[PDB]
Amino acid sequence: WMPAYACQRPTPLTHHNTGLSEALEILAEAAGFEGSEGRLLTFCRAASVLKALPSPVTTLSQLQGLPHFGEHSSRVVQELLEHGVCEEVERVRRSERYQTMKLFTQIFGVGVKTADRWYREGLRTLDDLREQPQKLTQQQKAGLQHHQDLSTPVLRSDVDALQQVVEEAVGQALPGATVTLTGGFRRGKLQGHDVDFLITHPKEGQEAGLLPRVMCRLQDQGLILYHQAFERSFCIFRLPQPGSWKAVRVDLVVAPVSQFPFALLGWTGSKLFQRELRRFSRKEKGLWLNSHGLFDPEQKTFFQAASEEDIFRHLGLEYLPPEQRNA
DNA sequence: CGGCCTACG
DNA sequence: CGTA
DNA sequence: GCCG
Ligand SMILES: Nc1nc2c([nH]c(=O)n2[C@@H]2O[C@H](COP(=O)(O)OP(=O)(O)OP(=O)(O)O)[C@@H](O)[C@H]2O)c(=O)[nH]1
Ligand SMILES: [Mn+2]
Ligand SMILES: [Mn+2]
Ligand SMILES: [Mn+2]
Ligand SMILES: [Mn+2]
Ligand SMILES: [Mn+2]
Ligand SMILES: [Mn+2]
Ligand SMILES: [Mn+2]
Ligand SMILES: [Mn+2]
Ligand code: NA
């Protein structure tokens, strides 16, 4: 029996149904490109259910009773099982609309609404966007300028180098402050599109004003290509390489230690795992979860947590380590 | 039928 | 809107 | 698209 919410089941990084899940995730992506966030969610959830199964699905029988599998997702799986391809998926794959929306939305600073407008205006290539620079925000100009580098997978060697320079800047800005790797690398991923760090200090309140101080120190060592009181920064770093450098996306977030378990849980993801966990919290337990805390709206109180385990327990969920949150 | 995670920049 |  |  398979629970309905992704936060109720372990999802490891390596699973047994990548072909089927990849196909459903193409339909999810395409649904988002057409502005159907509900269809996107169902296709994402169905793909995630397959990631949590212990074995390869070989027969449509094995889908009976699984949550988020109805007529549409079941037919996709049945065609892939019978023919090795799903006609709808292939039609989406090969479409100019899908290919261009994927290309544009993968730019840092460009989402579906922006990409769709550009599509409707006839634009199709990165060079098209470069030829009309005034249509671009500062953030989009940075994303486009560094697009090549940002399309190169970030590896663990890059993470370790980046954590060192971030720890050095953090320690110069505030003694005793700490840096925790989050995001997909904390979940055990070998690669990523960025590196995510969570910064705090053991003495509540000492972290006030920290992120501007850290950013100024990084910028003075020549490490910042793009950034921007604030507590989150979605940056592009100039990461030194042997004889050169490459641009890397880095997310920095500062939290007071009282919020650290909630920030750690939120920023560790996966993104689907966290939306599911917040949905579960509100719809099943009547509690409101975010990366700052867990709120009881009836008593008007916040749950004091010392650990991620505490949060799972307050929500009545079996604890899942980060490596099992790869929903 | 309506809901679908979340808050900051 | 973007982070996504 | 699926579900309460
Ligand atoms: N703009 C952009 N987004 C990308 C790229 N690659 C990539 O995975 N993403 C987005 O980032 C997600 C996975 O990246 P990741 O390895 O950092 O995973 P993560 O859980 O740490 O994601 P997060 O840092 O957003 O929390 C994907 O779901 C996708 O939407 C890319 O080249 N460009
Ligand atoms: Mn397995
Ligand atoms: Mn259908
Ligand atoms: Mn057939
Ligand atoms: Mn990441
Ligand atoms: Mn990130
Ligand atoms: Mn805050
Ligand atoms: Mn409806
Ligand atoms: Mn619908
Ligand atoms: Na984007």
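Computed over heavy atoms, backbone and side chain alike; hydrogens, waters and symmetry mates excluded. Chain identifiers are assigned alphabetically (A, B, ...) following the order of the sequence lines, protein sequences preceding nucleic acid strands; residue numbering begins at 1 within each chain.
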Checklist entry - Would you say a side-chain N or O of A:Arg249 is under 4.0 Å from OP1 or OP2 of C:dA4? => result yes
Next on the checklist: As a test of reading the structure: which of B:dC8, B:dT6, D:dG1 is closest to the side chain of A:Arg45, going by heavy atoms?
Outcome noted: D:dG1
Next on the checklist: Just the rounded figure in Å: distance from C1' of B:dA7 to CZ of A:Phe262.
Outcome noted: 15 Å
Checklist outcome for this item: For B:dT6, the nucleotide meeting Watson-Crick or G-U wobble distances (both under 3.5 Å) is none
Checklist entry - Of all the nucleotides listed (D:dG1, B:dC4, C:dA4), which has the minimum atom distance to the side chain of A:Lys271? => result C:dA4
Checklist entry - Among B:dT6, D:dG1, C:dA4, which nucleotide sits nearest the side chain of A:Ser73? => result D:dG1
Checklist entry - To the nearest Å, how far apart are A:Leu277 CG and B:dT6 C1'? => result 12 Å
Checklist entry - Which whole-number value in Å describes the distance from A:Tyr5 OH to D:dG4 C1'? => result 9 Å
Item to check | cation_pi(A:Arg97, A:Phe33) dist<6.0 Å, angle<=45 | outcome: no
Next on the checklist: Atom CD of residue position A:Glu318 - does it have more than 12 heavy atoms of other residues, nucleotides or ligands inside 6.0 Å?
Outcome noted: no
Checklist entry - Which whole-number value in Å describes the distance from A:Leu289 CG to B:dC5 P? => result 12 Å
Checklist outcome for this item: Across every strand shown, the nucleotide meeting Watson-Crick or G-U wobble geometry with B:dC1 (both distances under 3.5 Å) is D:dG4
Next on the checklist: Tell me which one of A:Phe303, A:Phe302, A:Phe262 satisfies ring-ring contact (aromatic ring centres under 6.0 Å, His included) with A:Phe295.
Outcome noted: A:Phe302
Item to check | Basic-acidic side-chain contact under 4.0 Å: A:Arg93, A:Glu29 | outcome: no
Checklist entry - How would you label the contact of A:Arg39 with the nucleic acid (heavy atoms, under 4.0 Å): base, sugar-phosphate, or nothing? => result base
Checklist entry - Considering only heavy atoms and no angle criterion, is a donor-acceptor pair shorter than 3.5 Å present between the side chain of A:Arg278 and the base of B:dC5? => result yes
Checklist entry - If the P atom of B:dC5 is compared with that of D:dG4, how far apart are they to the nearest Å? => result 15 Å
Checklist entry - So which nucleotide from B:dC8, D:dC3, C:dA4 ends up closest to the side chain of A:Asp194? => result C:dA4
Next on the checklist: Using whole Å, what does the distance between atom P of nucleotide B:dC4 and atom CD of A:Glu284 come to?
Outcome noted: 13 Å
Next on the checklist: So if I take every side-chain heavy atom of A:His292 and compare against B:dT6, B:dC4, B:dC8, which nucleotide ends up nearest?
Outcome noted: B:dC8
Checklist entry - Of the nucleotides C:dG2, D:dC2, B:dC8, which has the atom closest to the A:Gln139 side chain? => result C:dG2
Next on the checklist: On the nucleotide C:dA4, are OP1 or OP2 found under 4.0 Å from the side-chain N or O atoms that A:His193 carries?
Outcome noted: yes
Next on the checklist: Is there a side-chain contact between A:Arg275 and the phosphate of B:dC5, meaning an N or O under 4.0 Å from OP1 or OP2?
Outcome noted: yes
Next on the checklist: Between B:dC4 and C:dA4, how many Å separate the two P atoms, rounded to a whole number?
Outcome noted: 23 Å
Next on the checklist: Students often get this wrong, so: under 4.0 angstrom with heavy atoms, is A:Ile107 touching a base, only sugar-phosphate, or nothing?
Outcome noted: sugar-phosphate
Item to check | Candidate nucleotides B:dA7, C:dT3, B:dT6, ranked by approach to the side chain of A:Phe234 - the nearest | outcome: C:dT3
Next on the checklist: If you take the centroid of each ring, where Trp contributes its six-membered ring, are A:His72 and A:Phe43 closer together than 6.0 Å?
Outcome noted: yes
Next on the checklist: Measuring to OP1 and OP2 of C:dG2, would you say a side-chain N or O of A:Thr114 lies under 4.0 angstrom away?
Outcome noted: yes
Checklist outcome for this item: With the side chain defined as heavy atoms from C-beta on, A:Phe108 is closest, among C:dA4, B:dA7, D:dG1, to C:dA4
Next on the checklist: In whole Å, I'd like the distance from the CG atom of A:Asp251 to the P atom of B:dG9.
Outcome noted: 12 Å
Checklist entry - Between A:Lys283 (NZ) and D:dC2 (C1'), how many Å, whole number? => result 15 Å
Item to check | Contacts of A:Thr178 that satisfy side chain to side chain donor-acceptor pair (under 3.5 Å) - sequence neighbours left out | outcome: none
Checklist entry - Ion pair present between A:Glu276 and A:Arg279, side-chain N to carboxylate O less than 4.0 angstrom? => result yes
Checklist entry - CH2 of A:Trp267 versus P of B:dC8: gap in Å, rounded? => result 12 Å
Checklist entry - When the nearest nucleotide of DNA chain B is assigned to A:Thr42 and to A:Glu231 on a heavy-atom basis, which residue is associated with the more 5' position? => result A:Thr42
